[PDB]
Each structure stands twice: as structure tokens, then as C-alpha cells.
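As given, the protein sequences belong to chains A and B, one line each in that order.
The first sequence lines up with residues 299 to 338, 350 to 716 when you count with the authors' numbering.
The second sequence lines up with residues 299 to 338, 348 to 718 when you count with the authors' numbering.
Backbone N, C-alpha and C fix where the C-beta goes; we use that ideal spot for every residue, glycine too.
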Amino acid sequence: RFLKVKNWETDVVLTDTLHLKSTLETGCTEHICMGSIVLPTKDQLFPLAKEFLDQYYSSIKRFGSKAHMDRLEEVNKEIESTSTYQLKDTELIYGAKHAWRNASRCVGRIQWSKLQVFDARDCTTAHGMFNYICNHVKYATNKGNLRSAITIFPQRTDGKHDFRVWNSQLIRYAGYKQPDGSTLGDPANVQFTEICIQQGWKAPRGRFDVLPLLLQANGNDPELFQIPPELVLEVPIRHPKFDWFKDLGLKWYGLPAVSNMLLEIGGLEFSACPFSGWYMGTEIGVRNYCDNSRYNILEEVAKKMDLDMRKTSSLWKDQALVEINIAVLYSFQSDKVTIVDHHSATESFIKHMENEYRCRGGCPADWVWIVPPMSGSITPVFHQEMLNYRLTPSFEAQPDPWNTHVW
Amino acid sequence: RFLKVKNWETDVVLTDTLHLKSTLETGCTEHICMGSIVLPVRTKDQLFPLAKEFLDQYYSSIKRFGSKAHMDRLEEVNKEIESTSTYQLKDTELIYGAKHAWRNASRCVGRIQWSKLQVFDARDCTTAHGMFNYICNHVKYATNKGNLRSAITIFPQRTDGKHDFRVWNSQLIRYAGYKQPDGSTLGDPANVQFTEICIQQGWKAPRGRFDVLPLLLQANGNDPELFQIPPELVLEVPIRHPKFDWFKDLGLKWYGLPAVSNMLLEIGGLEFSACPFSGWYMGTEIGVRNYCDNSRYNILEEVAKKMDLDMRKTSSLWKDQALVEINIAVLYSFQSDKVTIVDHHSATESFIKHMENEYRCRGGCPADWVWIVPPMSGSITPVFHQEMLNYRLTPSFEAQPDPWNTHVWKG
Ligand code: HEM
Ligand code: HEM
Ligand SMILES: Cc1cc(N)nc(C[C@@H]2CNC[C@@H]2NCCNCCc2cccc(F)c2)c1
Ligand SMILES: Cc1cc(N)nc(C[C@@H]2CNC[C@@H]2NCCNCCc2cccc(F)c2)c1
Ligand SMILES: C[C@H](O)[C@H](O)[C@H]1CNc2nc(N)[nH]c(=O)c2N1
Ligand SMILES: C[C@H](O)[C@H](O)[C@H]1CNc2nc(N)[nH]c(=O)c2N1
Ligand SMILES: [Zn+2]
């Protein structure tokens, strides 16, 4: 019931108590662990509300107070006659910061309390959403000096009136199948690119074409908008030693803004809640550039370095991997766009973990995701035992809207 | 029940039925995943089922399920457990047992090789001197002048648990660690404790950076005894780099035989507490962990120094650069001296083919992601994108507490 996490590098042992306050289920059983699997009504709602409001009132040290009890009553009466309820702004701000605080896959949580929250619950149309999203992008980009933020559209009602952003990120590059057999652009985005073109998009058909927004309001058919080009900050990728690097014509965008997840606060579900922070180098350099299913540039780079690609054992893949990541980091710093490297990102998470154990009694963490996709054991997180569990408020994955929505 | 695992790189989807035969417990609950926790006497009562399970598997695997020979063996084991409270495995069953413990080891990336294991039956051993001879013969057979052969030596099983055979070393070959009065370490910091015990037991420590530790061997619950592996049986590889000639000047070497000696082998409910085993290294174990852990030889600084990388900001990736070169150096030295070794690209690609083949012939492959993924360059290796299901099958290799923590000193 009390659980120890040990760090095998520092021999430091922490004690987790926070997991007993966990509520959702993990995928794992006593027989079978699924740690590595990417995807493992009116009554129902009130305890969810009570659970949240209790923790909120506890956070502002007013637990049991009259103001506490009165909200609990108000919310209770709102649910009975309306079937749902509305969060107070203070409650919304708290809920969002905490969904982030609870995101066990996020290495970046030391930042969790500096979250700018934009209340877009007054939004009614897809046009509304487009305005709110541009202002989010502009505010978050902040001329390169990135600031973390979330925009929160109206909550689910009866499920046939959902707000949704169809893109998986606010900013992404198209993917087109070609007569060749090859893929041009980002292969991760083929299906979505095809949904856009069929929904009317004039696709330019290049390699780094910024995709349009596909925005759905009040459960209506999704509509299309182009982000103002002058709002999408992008970075050309060069290497500090390799002059030839620029000639791959590689670029990435500054703002990572996850747009496809679902925010749950006190039983209420926000289905469109784009949020953003900033990149950890390896996200672009290792995954976006090197995944076989992504831009897949290892072969090309190694060939420019004139490494012996005749055998795996020369570590030519590993050599080229490091330099691709040097270039990402160097390009972002040279243009003064915020980026953090994986040594510094994990160092920061270790410190935040220690803080969470000291001040909250634990920190849910998904080691599989927290450990960077390169150089795992030279980052401290690798040696850090972690306990994974699901707390609420939370961000969840949710079915791509096209599989479910009807026209 | 059908469980599906996906590969996010290829979209190949597999289906596990084998997990339906898992007995042991994970440490994971419906509420908590302990997937990254390192560490998450038997009655007649509880033994015959385990004997039975194992024998059923064994006889099913040889296409003899339900034969007279199967029934007679069950009856025979049952009676032996009856009068003597334990039972003795046939050679065939021990061999099959040991291969399966390997095949079942979910943290092992080298399992494409599970069927090729040399088994040394050392159940006739009675003394520490006896153990030492078995271990030398194992080191020599397995090393095979650099053309490495995988092998296991199995000493007698636990009886009442007061007469345990144990190899106090965690690996048969390992370098001593020496904590200094200034608080620094000489040699391998992971072996300071065990080094001291060896010194206490009477070993003359040479006190150098790469001293091969002596074997500390306990037979039949007796106090353990010191022995020196003959140096001529200890194959070592000096580490050098294909382009950087200053790399040799770092003075690094490493031994060729990885040989884990601290684990427990469970077969048919029987417990084999000294069962040292070996194969060959994957390069990253030496170059990433052994050399580059802060709590190990910790050579990143000194290497990157000699490369003149920019060490002012971590964001130049100086550590990543040096790491790759250290690992290029390890693979190069072993290859040049003709000592078997496998890089992590080749190993993980091998493990993936192994795993798919298992899902076809066996209906599954318990696999622990946290361990299967190498400690450098994770996502450019195919296992990173592989979903895996971790669960426990017997026979198995289990961690056991270190003997200096449990042993009753006899004086
Ligand atoms: C400010 C700096 C931030 C950093 C360095 C950071 C870093 C990361 C990284 C490396 C991942 C792994 C996901 C992947 O590799 O695809 C991740 C996932 C995630 N992050 Fe953070 N993030 C930041 C800001 C935020 C913010 C503002 C939120 C929420 C408001 C957030 C919530 C999440 C969630 C919910 C996941 C899991 C998402 C998924 O399953 O795809 N992060 N983050
Ligand atoms: C043939 C060459 C082999 C290779 C390349 C290989 C590779 C590996 C690697 C890289 C690990 C994890 C490394 C670590 O972090 O300690 C491992 C773990 C393991 N291997 Fe293998 N292995 C091989 C042979 C064997 C053999 C012969 C056995 C037993 C018959 C075996 C059983 C195990 C077990 C039980 C573990 C988990 C160890 C622990 O819990 O500390 N392996 N193997
Ligand atoms: C199927 C599925 C489930 C899931 N939970 N997720 C996915 C997106 C994949 C996962 N992993 C790569 C890719 N997602 C792209 C990277 N996501 C950005 C995380 C991040 C980073 C910095 C700041 C932020 F605000 C947010 C797919
Ligand atoms: C605490 C604890 C638990 C556990 N299960 N285990 C340990 C030994 C650790 C694991 N990781 C580093 C260190 N021991 C490293 C030795 N492991 C080599 C595996 C191997 C490779 C090639 C061929 C083989 F036959 C065997 C410690
Ligand atoms: C199969 C495995 O779960 C999958 O590849 C995971 C591993 N760890 C990851 N970690 C992060 N941060 N992002 C990912 O997309 C993945 N992919
Ligand atoms: C804390 C964490 O589980 C621990 O460092 C694990 C992670 N993965 C590993 N993987 C391998 N091969 N060997 C290890 O010792 C470890 N250590
Ligand atoms: Zn688990």
C-alpha cells in the first residue's frame, strides 16, 4: 500500500503515497504487464464532481469550509436539474494545470504551474475556434520565446454536439502518396491530408506544407481554415560544422501543440483542448527525422558524412543520429526559438519528481516515454524507478473524429 | 482470450495466447504499473502440481503427452515426492528445463539462441573445490579461444534451504572495486562490497583498475571458500579505436565472457540456487553501461576531453558524441581480436525475428521493454516501436537475495 521507488545511480529511495488516490485503470494485471502498449450519466457524474471539488478546496486550504460545502451543494443541484454543470474559472484553471501535473508521460512537468489558460467556453462556431487558435499560436510562440498554454472549448453535452480539432497538432506537415510508391512529406499525416483535400483543400504538394485546421463546432460538420503563415514560426536546419547540411532543405516548426486529446475535469469532458509548450530536441531530431515511418533521413545523412554503411557494427546510424540532433538544437538556438535538450529536460524532471514526492507524496511517471529515444542510460531518468498510475484531472487519447462522426 | 501487440513502425499486429499459461505475479495491479521497478522451503502440498505442470510441458514438447512413459514418470515423481519430499530430474528434463528458463527470460534480447545451450550437469558436486573445477571447465568451454559458446553449469538444488549451493560472485568474471579514503573508487564501483568480503575472506588484493576477482564458493550450505580462476582462462580485450590512436592510452580493457552466477533456476518447482550461465556480450553493455554509467567507470568526461568536444553546454551533445565513439571502440576491439560480440542493431533485429517466430510456433514471447531496448539509440532500433507483453512462465531465472545477507556463518 506504501511503495518505494529507488534510484539505482544515486541509491536514493522515495516513498509514494499518492497512488492510493488513483482512480482509473492501467491496462496491467497481476498476470500481465502492458507498460509498453501505447493504447491499453447523471449518477456517475456527481461523485466525479465531488472528488474534484474536494481536492480543489483542499488545495486552497479551505477544506470543509462553508464555501466548500456551498459549492458542493450548488453543483449537486445543477447536476440534478441540468444533467451537467459548469466549472468556475478558478476551478477550470486549477483543473487544467493539474491535468498537466498528472500527465505521467510528460517529462516537462516541472513547468506545470506556469500554464496560461484560455477560456474558450463561450465559443459557438468553427470560426470562433479559428480566432481562438490563432491567438493561442501567437501568444504561445511569442516571437520564439515560447510560453506554455491551453485553449479550452465548450464541454461535451450529449455527445452529438462535440467540439473537436481534427488535426492531431495545431501545426503539422502534409503527407501525400505518390505514383512512385514513395511518400512525399510526413507519412504520419497521409490519411488526414486526404481528408483535407476531399474536404476542399488546395494542397500545394510539397514536402513541408503546413496543414490547414479542420475545425468542428457543436457537433457540426468540420470546416477548413489556413493558419496565417506569418503565425507559423519555422526553423531551417543547419549544422555548426557541416556546411552541406542546409542542402537537405530540412525545416521544423517551433510550436508543438497537441490538439487531439480530451481533458477530463471533475467528470466533465472537454474534447477540443489544444495545448502547447516547447520542443525537446530528440522529438524532432530522433523521432520526426529518423523513424522509418517518418521523414527517415538516416541513410541520406550518413551518406553525406561518408561513413561505412556496409555493416551495422560501425555505428553509422548512431553517428549520424547524434549529428542530426546537434543540428536541430543548434538551428533552434541560432534563431532564438526555445528548445530544450534531453540531458537538461530529464535533469529537470528528476528534480521535479523529488519535489512531488516531498510535497504531494508522489509523481506518476511512464518510464517508457520519459526516457529519451536516444542515449537513454546517460540521462538520469533511465536509472529512476517510476510508478505509473492514472490520476484525474487528466488528458486522455480519444478516437480520431472521422471514424465516429457522421455527415 | 486474445491479446494483440502492435508494431508502430511496420503495422504488423500479433496475438498472444501463451500468456494464458503464466503462473507467477508481475508486481503490476489494475491500479499501478510497476513495469520499471527492478525488483517488483516448499511443501509436498505445493510441489507436485508444479512438478506435474512441468512434466506435462516436457512430455507435450516431445510429442509424448499421455503416453505410458508420461504416466509412469508422473507416478514415479509423485512417489519420490511422497517418501523423500523432493524429486530428481532426468538429464533430459534438466536440459529442457534450462533451455526453457532461457526461452522464458523476458528481459533477454539474446533469445534467438535459446535452443543452442550447452548444459553442464553438476548435480554430483559436493564441495567448493568441486564447484571451482566445474566453473573452470565452464569458463574454458564457453570461451573457446574467443569463438564463444553459450553454456550453463547446474549445481545441486535446494533441499531444506540450509544446504544451499551458491556462487557468491554476481558474474564469474568481474573486476574488483576499491573505495579509497578520499572517497574516490579504483576499479569497478559496482563491486566494492563483494571486493571487501573477498579481502575479508583472505584475498590479497593487487589494488589495480582491472583486477579479476576470485570466486567465492559455498557448497552444501557451508561457509564459502576463495579460489583464483587461472589467468590463462580469463580472455580479456584491450580497448582501442579505429581512428583515434589516443584511445588505447586510456588503458581500458574488458573480459570476453559475460557469465551471470547469482540467479536462481526454477524447474518443476525445484530450486537451483547456483546455476551460473553465459553467452556473449552485446557491445552496449560494456560501452554504454560498464564504461559510461556515473556509478561505474564513468569515462565520458575523460573521453570527450581527449576529443576536445564543447563541454560547456550539454546542448552540444558532447556526451552523446563520446558515447558513440566509446561503443565504436568496443565493437572494433572485440572484432579485431576475434572475440564474439554483437552490436545492438544486429541484436534487436534478431530479437524481433525471434519474437515473431515465437508468436507463430508458441503463441507468444514474454518480453520486458524497459530491458529489451538498448541504453543508447533506442528508437533507431526496431524493438523501440514494438509493443510487448511481459509475464512469467516457468522454468525461469529469478533474482535472489545476496548470500552475505542470508548466510548463517558456521565459523
Ligand atoms: C513546456 C515544455 C514541455 C515539454 C519539454 C514537454 C515534453 C513532452 C515530451 C517529450 C512528451 C513525450 C511525447 C512524445 O514524445 O510524443 C510529452 C508528452 C505529453 N505532454 Fe508534455 N511537454 C511540455 C509541455 C506540455 C504541456 C503544456 C502539456 C499540457 C498542457 C503537456 C502534456 C503532455 C501530455 C498529456 C503528454 C502525453 C501526450 C501523448 O500521450 O501523446 N506537455 N511532453
Ligand atoms: C547468447 C548471447 C546472449 C546475449 C547477447 C544476451 C543478451 C542479454 C542482455 C543485453 C541482457 C540485459 C543486459 C543487462 O542489462 O544485464 C540479458 C539479460 C538476461 N539474459 Fe541474456 N543474453 C545472451 C545469453 C543468455 C543466456 C545463455 C542466458 C541463460 C541461459 C540468458 C539469460 C538472461 C537472463 C536471465 C537475463 C536477465 C538478467 C537479470 O535479471 O539481471 N542470456 N541478456
Ligand atoms: C496513437 C497515439 C497515442 C498517443 N497518446 N499519442 C500519439 C502521438 C505520437 C506519440 N509520440 C509521438 C507522436 N506525437 C507527437 C509528439 N507529441 C508532442 C508531445 C509534446 C511535446 C512538447 C510539448 C507539448 F506540449 C507536447 C499517438
Ligand atoms: C538489482 C539487480 C537485479 C537484476 N535482476 N539484475 C541485476 C544485475 C544488473 C542488471 N544489469 C546490469 C547488472 N548486471 C549486468 C550483467 N548482466 C548481463 C546479462 C547477459 C548478457 C549477455 C549474456 C548473458 F548470459 C547475460 C541487478
Ligand atoms: C511500443 C512503444 O510503447 C512505443 O514505441 C513508444 C515507446 N516510447 C515512446 N515514448 C515517447 N515519448 N513517444 C513515443 O511515441 C513512444 N513510443
Ligand atoms: C530503473 C530501471 O528500471 C533500471 O534502470 C533498468 C532499466 N532498463 C535496464 N535495461 C537493461 N538492459 N539493464 C538494466 O540494468 C536496466 N535497468
Ligand atoms: Zn505494468
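Please report how far the alpha carbon of residue i lies from the alpha carbon of residue j, in whole angstroms.
| i | j | result |
| --- | --- | --- |
| A/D650 | B/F691 | 20 Å |
| B/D309 | A/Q507 | 25 Å |
| B/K486 | B/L542 | 26 Å |
| A/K397 | A/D379 | 13 Å |
| A/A581 | A/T466 | 13 Å |
| A/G670 | A/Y698 | 13 Å |
| B/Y666 | A/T350 | 41 Å |
| A/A654 | B/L624 | 13 Å |
| A/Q628 | B/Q628 | 8 Å |
| A/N476 | A/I504 | 10 Å |
| residue 794 of chain B | B/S413 | The requested residue 794 of chain B is not part of the displayed model; chain B covers only 299 to 718. |
| A/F534 | A/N597 | 25 Å |
| A/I635 | A/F704 | 32 Å |
| A/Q525 | A/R473 | 5 Å |
| B/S643 | A/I480 | 49 Å |
For residue i, does the three-state DSSP call read helix, strand or coil?
| i | result |
| --- | --- |
| B/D675 | coil |
| B/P549 | coil |
| A/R371 | coil |
| B/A512 | coil |
| B/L312 | strand |
| B/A483 | coil |
| B/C443 | helix |
| residue 342 of chain A | A break in chain A separates 338 from 350, and the residue in question, residue 342 of chain A, sits inside that break with no coordinates. |
| A/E592 | helix |
| B/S392 | coil |
| B/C505 | helix |
| B/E323 | coil |
| B/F534 | strand |
| B/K560 | strand |
| B/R410 | helix |
| A/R473 | strand |
| B/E307 | coil |
| B/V680 | coil |
| B/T492 | strand |
| A/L524 | strand |
| B/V336 | coil |
What residue from the options has the CA that sits closest to residue i's CA?
| i | options | result |
| --- | --- | --- |
| A/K550 | A/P583, A/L540, A/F355, A/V631 | A/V631 |
| B/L337 | B/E323, B/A358, B/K359, B/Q353 | B/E323 |
| residue 724 of chain A | A/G586, A/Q464, A/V416 | Residue 724 of chain A cannot be examined here, being either before or after the span of chain A that is shown, 299 to 716. |
| A/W587 | A/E694, A/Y666, A/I459 | A/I459 |
| A/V646 | A/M614, A/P565, A/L301, A/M683 | A/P565 |
| A/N605 | A/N440, A/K613, A/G594 | A/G594 |
| B/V715 | B/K555, B/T315, B/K469, B/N634 | B/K469 |
| B/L700 | B/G417, B/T315, B/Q478 | B/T315 |
| A/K660 | A/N305, A/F361, A/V384 | A/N305 |
| A/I633 | A/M662, A/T591, A/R619 | A/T591 |
| A/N664 | A/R418, A/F439, A/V637 | A/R418 |
| B/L522 | B/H317, B/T321, B/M438, B/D495 | B/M438 |
| residue 340 of chain B | B/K626, B/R603, B/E382 | There are no atomic positions for residue 340 of chain B here, as chain B continues from 338 directly to 348. |
| A/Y366 | A/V416, A/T313, A/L381 | A/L381 |
Pull up the DSSP beta-bridge partners for residue i, would you.
| i | result |
| --- | --- |
| B/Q478 | B/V567 |
| A/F584 | A/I459, A/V567 |
| A/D428 | A/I461 |
| B/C331 | A/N697 |
| A/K302 | A/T313 |
| A/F704 | A/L572 |
| A/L577 | A/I574 |
| B/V519 | B/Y482 |
Check whether the region 569–586 of chain A and the region 392–406 of chain A touch, using three or more Cβ-Cβ pairs below 8 Å as the test.
They touch, by the three-pair rule.
Evaluate contact between the region 675–689 of chain A and the region 441–456 of chain A, counting only Cβ atoms and requiring at least three cross-stretch pairs below 8 Å.
With a cut-off of 8 Å, the region 441–456 of chain A and the region 675–689 of chain A do not count as touching, because too few Cβ pairs lie within range.
Closer than 8 Å is the cut-off here; do at least three beta carbon pairs connect the region 414–430 of chain A with the region 508–527 of chain A?
No, they do not touch.
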